[PDB]
Structure formats: structure tokens, C-alpha cells
Amino acid sequence: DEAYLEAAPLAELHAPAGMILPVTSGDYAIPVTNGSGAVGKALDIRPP
Amino acid sequence: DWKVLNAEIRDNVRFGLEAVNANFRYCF
Amino acid sequence: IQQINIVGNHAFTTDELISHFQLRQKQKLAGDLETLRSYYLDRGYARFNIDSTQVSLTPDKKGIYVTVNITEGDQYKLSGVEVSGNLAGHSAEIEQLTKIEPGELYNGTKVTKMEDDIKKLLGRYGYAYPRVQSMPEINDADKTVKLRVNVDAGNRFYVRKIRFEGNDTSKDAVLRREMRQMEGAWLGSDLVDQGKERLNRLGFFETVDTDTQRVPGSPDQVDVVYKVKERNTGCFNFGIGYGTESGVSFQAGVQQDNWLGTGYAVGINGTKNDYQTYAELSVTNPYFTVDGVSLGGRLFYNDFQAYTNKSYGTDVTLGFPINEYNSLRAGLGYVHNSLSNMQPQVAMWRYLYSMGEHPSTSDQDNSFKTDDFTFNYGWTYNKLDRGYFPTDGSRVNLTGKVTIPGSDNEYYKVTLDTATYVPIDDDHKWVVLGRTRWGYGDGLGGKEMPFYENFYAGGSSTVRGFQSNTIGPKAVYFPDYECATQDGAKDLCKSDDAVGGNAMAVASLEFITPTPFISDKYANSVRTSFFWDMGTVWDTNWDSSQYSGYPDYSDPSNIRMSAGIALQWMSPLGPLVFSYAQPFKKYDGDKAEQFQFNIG
Amino acid sequence: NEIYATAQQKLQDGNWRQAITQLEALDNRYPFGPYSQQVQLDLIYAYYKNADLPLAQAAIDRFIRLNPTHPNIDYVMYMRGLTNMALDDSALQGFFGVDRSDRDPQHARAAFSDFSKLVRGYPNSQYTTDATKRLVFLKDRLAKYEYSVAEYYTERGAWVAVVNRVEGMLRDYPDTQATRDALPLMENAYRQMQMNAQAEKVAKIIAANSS
Amino acid sequence: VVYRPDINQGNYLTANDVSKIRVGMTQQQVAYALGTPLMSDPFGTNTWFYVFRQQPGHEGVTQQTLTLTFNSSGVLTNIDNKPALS
Amino acid sequence: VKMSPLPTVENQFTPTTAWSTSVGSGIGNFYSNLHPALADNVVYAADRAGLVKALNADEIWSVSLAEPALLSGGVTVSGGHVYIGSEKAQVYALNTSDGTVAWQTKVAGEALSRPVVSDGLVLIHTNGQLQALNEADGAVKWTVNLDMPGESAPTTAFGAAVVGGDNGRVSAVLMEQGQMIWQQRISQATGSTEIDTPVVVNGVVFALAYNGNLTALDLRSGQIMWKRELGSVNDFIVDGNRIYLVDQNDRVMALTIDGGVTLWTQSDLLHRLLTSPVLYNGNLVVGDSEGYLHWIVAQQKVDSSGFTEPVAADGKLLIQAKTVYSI
Ligand SMILES: CCCCCCCCCCCCCC(=O)N[C@@H]1[C@H](OC[C@H]2O[C@@H](OP(=O)(O)O)CC[C@H]2O)O[C@@H](CO)[C@@H](OP(=O)(O)O)[C@@H]1O
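Chain order of the listed sequences is C, P, A, D, E and B. Going from the first sequence to PDB author numbering is simple: count from 1 and add 37. All letters in the second sequence, in the order written, are residues 1218 to 1221, 1264 to 1277, 1291 to 1300 by PDB author numbering. All letters in the third sequence, in the order written, are residues 177 to 200, 215 to 496, 504 to 676, 687 to 807 by PDB author numbering. Going from the fourth sequence to PDB author numbering is simple: count from 1 and add 32. Going from the fifth sequence to PDB author numbering is simple: count from 1 and add 25. All letters in the sixth sequence, in the order written, are residues 30 to 87, 91 to 99, 108 to 166, 168 to 190, 196 to 242, 250 to 349, 357 to 367, 369 to 383, 386 to 390 by PDB author numbering.
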């Protein structure tokens, strides 16, 4: 259903002065995309 | 999958209709 | 195979060595050769060798012959065991495992057993990957062997993560609460197996297995993975039985031992017809607190209009473990019970007289009702290896009631269920099962235990082959049977109506065997057994004197016995039991029933 | 010929059981026929819509293995992502409103990986906006699982499992909501052990990132 | 009254190895002598924590804490040994 | 697949059994070479169970050597000694006049081959080792090892033996010592599972094996003179410049000694499990599994239990059923 469309937006933590947050791993990194397509029920899910 | 006054749906689910004795079972 | 010959045998008869062979083919031939080699290696023949094997066919492949040519030595004795290498302590325990009887006949199997015991000794302290090897020094001047063992403990391992796979329905906490190995602590090889046993004992899974995996790029850490496969746990049942003879007929209920994976045990039942209304609600939380304290209770209502029998009540029970295998329970309950229009009879009125009632003989117009508060308690012992089809261990379940002062009734009741399994074969396909039940209740302060709490026996759950609740004393009526009132017989009449009694004893012995023939699909779901069972119920305080013209129901020796064959199957829709028995020893009024079936 | 036209009408207007019956009837067609690949794609769609997910997975693996490159391979990968994510849901826990994040995450990890391959491999595809939304959902669904394990160990009292489990969350899921709410568990775990310098460091992170 | 399993946490320490540590050893020499730490400070510093904690059933909690601070060159510069909880 | 039926040919002869008697339990289903032997008008016989008999050529002696003995290798008689092998490690030597046991000796394996008495020693072909024993003692004189993947008996001439086993070669060795003279390939097949008694006539070695590689070789060296497709495990007869064979398929045939064109065959006994041929009264005689004797023109029933190699000497035909008969 559309429940995935209600997910909260992502937001990073700020580093407090004098500390560095752990260096992250390479995985689970979502790249930046244009976002130009349809979502949910609007998407034409069928054999092209 | 589906097969037959009574019928079975799949695993976990049976129904019978057969004054009346209509009943069914649904296992979790 | 037409003939298997052994060339060079002198210490044993050919038939004795052949008696261990499976050929009686490459896999069987290899098995027989290893069996022969071990057989000799267990009796001191340190130099035993298999020199050649010949396998050949007859002309036109009509038959086959097998010959093995062996060389025997002599019987060596083990002079001592030398242990060296890197022992990170534990030298005393290895030395204790190392002890042998002076001059004991050299035995290759015993050497392997000592080596494995050393690995298992080190494994419980976190040395998961030791190097252990042993080798003989075989002497010529005398028939002796000196055994050397070289041990290198390696290094201690730590557990980084415990993961679960196949956990699709249950909460991760429902599996994890049963572990004994902690994350972030030194590894112990026995704690992981105790965790495996506890996961099996719940009865929620068809199988549990484990994998201890090394962490890539780390010399001292492992991950432990448990793999499980869930079984269907409880079913919903609903149905209607409407007809013009009875009108509305309704039944419904649900039973789960795991409710949506939350760990709760929930049972809800109800039914309605023209003569009976029944309801039940029962909820139990196996872990009210993190340490294993459980809490639960039930409510019930039962209204039977036939005499009239109406009752209702509640029970609240708490329990807690005291050991790995023992738990205790205690709780409170309340019952209201109202009876009316009772058919006059001796066994019931004896009690009513003891309660201070004076009904008029042969007039069924009467009533009696009580409000009883009860204290419940019990204890349980359980070390069975499986929830569904246990193969080892035993179970004991002591339970009982005592009336709380201030109740209308004053009595106590005790029951004791036991069962023990013993395997016959190492694969646990052949097993022998003993089952017993005991029970006794009695009065306090001059009263008798109410007849609505009497014990009953007989039926597919107790002694097979008899109609349910038919074993035991039968009602003797005062003057539908005409003797029930003045319109019939003018004196006391006996009947076949079972009423139960104050004391019960039942026992059975079952031999559990593999299915003679069935596909592998059912290998873990269908199990068959042969059984012999017995039991008896008796009524203390029976007045054998006043009614000396009738059977004396106080005699406990009138044991009923039966035997037969039964099959159990964990159908996808629930456990089923089928049985057939012949009640070869029975008494007056025992109504037989030979083919019996029920849902577990 | 007639069977495929019928299957197309059943896919558009008719029953999914009739559509699959007609499509499976085409298993007797030549592997090289004009509709062989089109029929295989139609079967994958029909298997997904009928919830015959084990077969949608087998047919997709076969399709990709036999045609490593295809003008619509990105559609098939997107359907692979949906096929794995669909196994994570369950009707019974949904009906009663049960919070399912504690259950096994193996299927969510597989779907996350396949959607990631889709977004990186074909940035111009019309499916990457929806895959982006599902990637955000799955990342958060996994962080909730790691939180649940840290919460249980806090309750049992295994303070090192709690510290290491949260430290892991700070490396793999740095910006999700479950991570921002997990820090108090590390702040506590470093006080039940007498490690005051790190409880103070964590308290500074909690205050600096407070709402 | 109610049975509580024994809880162990942290890596295993012994006096025979704690006495082995000297100022000037490298991180590989220390890791070899004592093993891989289960706790470290992730927040931008090179510090290892060797925590030995035991909680026998219904007994008191006992803990030894050995903290090692290393220079960014990979050299041990400070040893701080707490033999017991306060 | 199935055995051919008994021929309908009318018996043109008047053969009869001169006498018969039971001997022990019988060989039955065990394949062995426990054939009878005749010397100096005394018949010697044995039963696999261990009974050994000697009878006049018309019951004078019998003993049981068992404590079964699983006797094999048959009975051979030469001068003063009788030699009986076994599937155990023992070889029994008995006196020929009095039947009392003379000695026993150990060998390297089952003595399945015929015990052959030649040039002062007894050749036993076992585990694939050929051993030469003292004709007058239990001592071992020498052994020779052969390759290995019943065992064929040796044949001797001019102080040397020709032997060979289930492997693809035939070898010739000296009798003075365990020294090899030569070896040669005689057989080959398309597969390892199909790869397998020699005679010497006028200096020509005639070798036969299961495989279709009937071969003639020089006695002095292993040079093949000719080879033919015919193969069989059964014993064969070479005489009159003709070779009389029983084929692997139980065809009965004869060819010339040069390996030339087949002279004649008779195929009406195919798959009847014929014995080796014996030449008696100018005719070839074979026994089948059903107890019939065939003359090659005539057939006669003797003993319905079936048959073990036939033997004949000094005008007598002696056969034994799967009990001994003399025709
Ligand atoms: C470990 C795996 C689980 C399986 C355990 C199997 C062993 C349990 C045995 C049951 C008790 C034997 C019966 C018995 O022996 N029970 C006492 C006795 O019973 C009269 C006896 O007489 C004999 O021969 P007969 O007299 O019939 O000719 C036949 C047996 C029995 O019938 O004496 C009564 C006094 O009360 C009993 O009392 P009670 O039944 O109340 O316990 C005793 O127990």
C-alpha cells in the first residue's frame, strides 16, 4: 500500500564541539536521485 | 491449488457446508 | 552375495566377525571393512592390517563372491598415557581424564574417547579450536603400547553477535529470552547447547540447529547463528448445528500456545444450545518479569439444564522457577455451584447428610448451592528433550487444592501425573514409555469431598478401550428407570451409571516404534506404538455394611486392564490420536468401546 | 496466438487465475517464439499479483540468467525488489495492528540491496523515484530491529551488548529516527558501568542534537 | 528465591596477563598479549577498554576495568587499572 | 535371455550309466572345480563340504577332513600323492594307496585352481599369487606375483609353466626358480568391466579368455601367430588338428588350428550353461544345467539335478551332478 510513503524524512546528527561521530560504513547509503517519476498507485506497474 | 458440498482452500483452512453443519477451520 | 570369506582369521570364529557385517555395495563393503578394523583395534591388536580385498562375479553375473585377506597380530596392553603440549591450566582435569587401569587391554576407541573428552573439557572454557592429536609407541620386546597425546589449546574465543534465522512470526525477544550465552562475553560451548535445548523444549518449532562461524579477519571472535523452522501453533474453530429438532446450535473457539508470536498462551471457548451454555476464557503470560515469573488466569461459566447444574468462577495463578528444571505455582480461585432437582440416590445423599441436608427420599424436588473459595498450588519438573515427540528425560506434575476456611465446602484434592521415556536404539527410533497418574481427595472437619469434584477414569486419554468416564462405582438409587420413583420397583436398584470416586490410579506402558513403511514426508510427523494399560477408581467411606448386598466399592483391587495399538499424527490442523484396544479384563457394567479417536 | 490474446484480456480485464491458466498453457510454446520473453514477463507479473511469490522469484532469476542484458531488465530488477519486500508483510499482524519490525529482517536486507542496485544502475529509469521512497522506508525498518535488540539487552542487564549494538547503529544507520532515540541506552549503559567520561560524551551528543 | 542465570560481560582478564603490560608496547603487542578488545571509544580517540564484569546469581556484581590510552602513532601512553567498583 | 528348450532330436545312440553313487552333500550353487579323478582303476572324488572318497572302478575308502572345509581345486593324482585345495589357506596332501592324510600346508590364498603336479613341484594359482610347493612336503619353493583387476590352472612343458589370470596378459615362467620368462597381451575390451586355461600343443600356446581374443602364440616368446574373435571362460579341447570350443554363449563349434574358417557349429544348446567338452568314444560330450548329456546326434537324461567339468579316461566317462556317475 502507500504506508511506505509515510516514512519520516532522514536527518543527520550534528557533531558536538570537540568530538567526531563514528566514521560510517559504505553500505546503506542512499544516493541522490531526481525524483521525477510517479509514486504509489500512480505508477504503471506492468510489462512494458 | 484449490480443490473441491465442501472444499479445502490450502493448508491451514478447511470449510464444509453439508439442518445444517456448516463449519470451517483456520489454523495460524 | 553368495559367500563372504575371511582369510587369516584365527582369534575369532568366521561367523562372529560376519555377525557384524551389513552386506548380510561399495558403501556396505567399506562399512564392513571399517567395522572389522575397529573390532580388532578394540581388543589390543595394534598391528592389525587389512591386506587385500577381492570382489568377483560368477559366470554370466549369476552371483558374486567377496573375500577379505587380513593379518592378525597379538593382544597388546596399554602401559600408560603421556600428555604434553600447551595446557593453559586444566592439567589436573586432563590428568584425571588420562587415568587408565594398569595393564588394561589397548583399545583404539578408548583413545578416541579420551581425545574427545579433552576437546570437550577445553571447549567449556572458551578454547573453541584446540589442536589435539595422539599416537602410539608400539613396543616389540613386550606386548605393550605407550600412548602419547599432544595438546595445543590455541587461544580463547569471544562471541560478537547472536543472530536468528527463520524467525518470521515470533518476536526476537521470544527466542532470545531462552538463551544462556550472552553477547560480548567469553564463549562457552556448553551454554550454546543449553540454549538449543531450551528452544526445542518450547514446542514452537519443527527444528532448531546452530552454526558457530568465525568472524573474517579476527583471530578470536565468533558469531553464533540459530536456524529454526516454525510450526503452526493453534487453530480457530467455528461451527453451527441448526436443526428443527433442537433449533439453534452454536460452537466456537480458538486455542493458541503462541498468540501472533507474542508468547502468550490464549484459549477462548464457548457454546450454546437448547440445554447447555458454556464459556471459558484463559490467558497466561509466560514472562511477567524478565526472570521467568509467569502470571495468568481464567474465567468460566457452565449452565447445564439437563437435574439443574449451574456454576461459575474464576482462577488466578502465579508461578516461578526455582531451578533450571523446576518451577512452583500458587494461586487463588472461587467457585459458585448450584444444583437442583437431583434424583435421590445413596452416594449423593450420604454427602448431603454430612452437609446437614435432609431431603425427602424419592421426591426429586430439592435444591442445594454453595460458594467455595479455594487455594490452589503445585509443582512441575520437566527435562524432556522435545515438545512434540520427546525421546528422553521425564516429567512430573504435582497439583492440588485446599478449601479456604470460610468456604461452605471443606476438603482437599491432590493429583500426580508422571511420564518417563527411555530410548532403545541410539537413533531414538525405538523407545519405551511409562506413564502414570495418581489422585486422592478427601474431607476435612467431618465433611466429604463434593461429588461434583470426583475423579473419573476411562476413555482415550486414560485407559483406552472403555467408554469415557465409565470405570468405577455405579449409582445405587432409592425407590428413565421406574425405580427412580414410587411408580417402579419398591426397593433399592443398581444401575450402570458411572459416578466416579475419591481415589484414582492409572498406569500404562507403551513401546514406540518407527512406522513400518511410510515416505520421508511423514518421518517426523507420524509415530506408532503398542500399549498395555490398567487402572482403577474407588470410593472410600462406602458403607460396605449397610449395603452389603451390593458390590463393595471400597475395594481397590478391582483393576481394569486393556491392551492394543495406537497411532499419533501431527496433522497440519493439529495432533490426532487413533487407537484400538481389547479390554480383556473387565467387570460388571464396564461398557466397552474398541475403536477410539480424538484431537490432542 | 489465441491463448496469448486471451491471456492479455485476462490480464487487463479477466481473472488472475484465468490469466495464469492461459499463460501457463503457453509453456508448450517454442522457447524461441515471438512471445517467449513477453510471456515470461507476463508470468512474472501474474505470479506477483496472485501472491505466488516463490515462483515470481524463480522465474525472475531464470529470466535474468538467460538474458543478462535486455531493454527492460530494469523493470525486472524493480519487480525483484517488490517481490522480496512483499514477503516481509503478513496479513494477520497487519489486521491486529501488530508492530512487525522485530521479526526476521533477512527479506528487507535483500530487497534493500536490490533496490540499491536499481537506483545506482539506471538513474534515468522512471522507477527510481519510487525505489528511493522504498529505500528510505527499508533503511528505517532495519534500524528499528537493531533498536529492539538493544532494548532487550538493556532489560536483561548485558551492558556490553547494549554498548556495542548501539555503536553499530551509529555506523550503519546514522541519520534515521531509531538511531536518534537509541542514544539514551548507550548513555545509561556507560553509567551502569563506571565509565563516566563516555556517558558525558554521549550526553553532549544527545543535548547537541536535541529538538 | 527465583532462579537467575549467571551473567558474564566483557573480555576475560587475569593477573598473569595484566602484569604483562608495559609502557611502550605497540597495539599489536598488546592485542597479542590480551586479545581483541570488546569495547573501544568510537568518538575520535584511540582508547581501549578491557572490562571484566561478573554477576553470579543473586550475588554481588564484581568488576575490574583496565583502560589503555594510546598515542595516535600506535603507542601505549597511559595505563589506568581500576581493580573494583566504587 | 531365456534358455533354449531341450532339443526334440531323437537319440540315435544307446548310452547308459555304468554305475552311480551319492557322494556327500553336493557342490550345489557354489562354483568350483571339484571334479572327480581316476587313476589305476580307482576313482577319487570329493564334496565341497569336506568328504573325500576313493572307490574301485566298478567304496574302499572315505574320510572327512573337517573338524566345513570348503574344499575346492578338485582332485589330481600323480604317483603316490593326492592334492586337494580349499577356499581356506590349507592344501591337503594324502597318500594314493592308503587314503590317510599325509600332511597339510599353508598357501597364500584360496586354492581355487587345479593343483598341477609337474617336474617335482605342485603349482597352485590362488590372491593372484602362483606358488610352487614341494611334491613331497609342505615347504614353499617359490612364488610369483601377477597383476589383478575362478582362477585358471597352469600348464607345463619343457620345464616351464604357462599361466595367466583375470588381467589382460598371459605369462610364462621357469620351473627352476620364481623367474619370469615372458609376458604378452592376449585380450582387450571396450571397457574396464569387460576385461579378462591355456594349453600348449606342438610348441604352440593356445590362449582363451572371456574376451573375444582367442590367441595363438609362440611357446618360446610371446609372439602372436594369429587371433580370432572367439572367447569363452570354459575349458576347451585341441586335438586332431582341430580346436573344439564351447562359446561364451554356449555355442558348440570347431575350427582349424590355424584360426581359419569355422568348420561347423551347433547352436541348439544356446544359454543352456554347457560344461566343457570331453572327447569320449570318438564323440564330443557336453553336460547341461538340467542333467542331460549331449553327443556331438544323441541326448540322454542322467540326473535331473544338473551339473563341474566332465572327465574321461581309459574308456570311462565320469561326471558329477550339481553324486558321481560312470558311463
Ligand atoms: C518407570 C516407568 C513407569 C511404569 C512403572 C510400572 C510399575 C508401577 C506398578 C503398579 C503397582 C503394582 C500393583 C500392586 O501390587 N499394588 C499393591 C497391591 O495391589 C494388589 C496386587 O495383587 C497382584 O496379584 P493379585 O492380588 O491380583 O492376585 C497383582 C498386582 C496387584 O493387583 O496391594 C494393594 C493394597 O492397597 C495396592 O494398593 P493401591 O492400588 O491403592 O496402590 C498396592 O498398591
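The beta carbon of each residue, even a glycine, is placed where N, CA and C say it ideally should be.
When only Cα atoms are considered, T37 (chain B) and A187 (chain A) end up about 57 Å apart.
Within chain D, the residues placing a beta-carbon under 8 Å from that of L110 (chain E) are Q226, ordered along the chain. Contact of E199 (chain D) with chain C is assigned, a C-beta pair being separated by under 8 Å.
In this structure, the CA atom of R273 (chain B) is about 11 Å from the CA atom of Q229 (chain B).
Inclusion of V405 (chain A) and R350 (chain A) in the CB contact set at 8 Å is warranted, their separation being smaller than that value. With a cut-off of 8 Å on Cβ pairs, the stretch 173-186 of chain B is in contact with the stretch 217-231 of chain B, counting three or more such pairs. Listed as beta-bridge partners of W279 (chain B) by DSSP are B:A269. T61 (chain E) and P86 (chain D) have their C-alpha atoms spaced approximately 43 Å apart. No Cβ-Cβ contact shorter than 8 Å links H64 (chain B) with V357 (chain B). Relative to ligand 1, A770 (chain A) has its C-beta separated by 7 Å or more from all heavy atoms.
Counting of Cβ neighbours within 10 angstroms places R231 (chain B) among the exposed residues, the total staying below 16. Closer than 8 Å to the CB of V181 (chain D) there is not a single CB belonging to chain C.
Not one heavy atom of ligand 1 is found less than 7 Å from the C-beta of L38 (chain E). Close to chain D, meaning a Cβ-Cβ distance shorter than 8 Å, are the following residues of the stretch 65-84 of chain E: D66, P67, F68, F74, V76, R78 and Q80.
Close to chain D, meaning a Cβ-Cβ distance shorter than 7 Å, are the following residues of the stretch 33-51 of chain E: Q34 and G35.
For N448 (chain A), the number of other beta carbons within 10 angstroms of its own is at least 16, and it is reported as buried. Taken from the Cβ of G113 (chain D), every heavy atom of ligand 1 lies 7 Å or farther away.
Annotation note: the stretch 352-411 of chain A contains the following uninterrupted alpha helix (DSSP H) runs of length 4 or greater, listed N- to C-terminal: 362-366 and 379-391. Contact annotation for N58 (chain B) against chain A: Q178 and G253 [CB-CB distance below 8 Å, chain order].
By the C-beta density criterion, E285 (chain A) is exposed, having fewer than 16 other C-beta atoms within 10 angstroms.
Note: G486 (chain A) is bridge-paired with A:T474 and A:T514 in the DSSP secondary-structure output. Two segments are said to touch when three or more pairs of C-beta atoms, one from each, lie closer than 8 Å; by this definition the stretch 600-609 of chain A touches the stretch 562-582 of chain A. A buried status is given to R197 (chain D), since no fewer than 16 other beta-carbon atoms sit within 10 Å of its beta-carbon. For the stretch 417-436 of chain A, the residues whose beta carbon sits under 8 Å from a beta carbon of chain P are, in order, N422, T423, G424, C425, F426, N427, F428, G429, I430, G431, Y432, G433 and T434.
With its beta carbon at least 8 Å from every one in chain A, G214 (chain B) lies outside the interface.
Per DSSP, the continuous beta strand (DSSP E) segment holding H533 (chain A) begins and ends at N523 to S537. Taken in chain order, the complete alpha helix (DSSP H) segments of 4 residues or longer contained in the stretch 269-350 of chain A are 281-288 and 298-313.
When P:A1291, P:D1218 and P:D1270 are compared, the shortest CA-CA separation from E435 (chain A) is found for P:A1291. Following the DSSP letters along the chain, one finds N220 (chain D) inside the alpha helix (DSSP H) bounded by residues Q209 to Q224. DSSP, reduced to helix, strand and coil, places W143 (chain B) within a strand of the structure shown. At least one CB of chain E lies nearer than 8 Å to the CB of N520 (chain A). Sequence-ordered contacts of the stretch 43-55 of chain C with chain E are nonexistent [C-beta pairs closer than 7 Å]. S389 (chain B) counts as buried, since at least 16 other C-beta atoms from the protein chains shown sit within 10 angstroms of its C-beta. Sequence-distant partners of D300 (chain B) (beyond 5 residues in either direction) whose C-beta falls short of 6 Å from its own C-beta, in its chain, are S285.
Within the chosen limit of 7 Å, ligand 1 reaches the beta carbon of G631 (chain A) through at least one heavy atom. When DSSP states are grouped into helix, strand and coil, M221 (chain B) belongs to the coil group.
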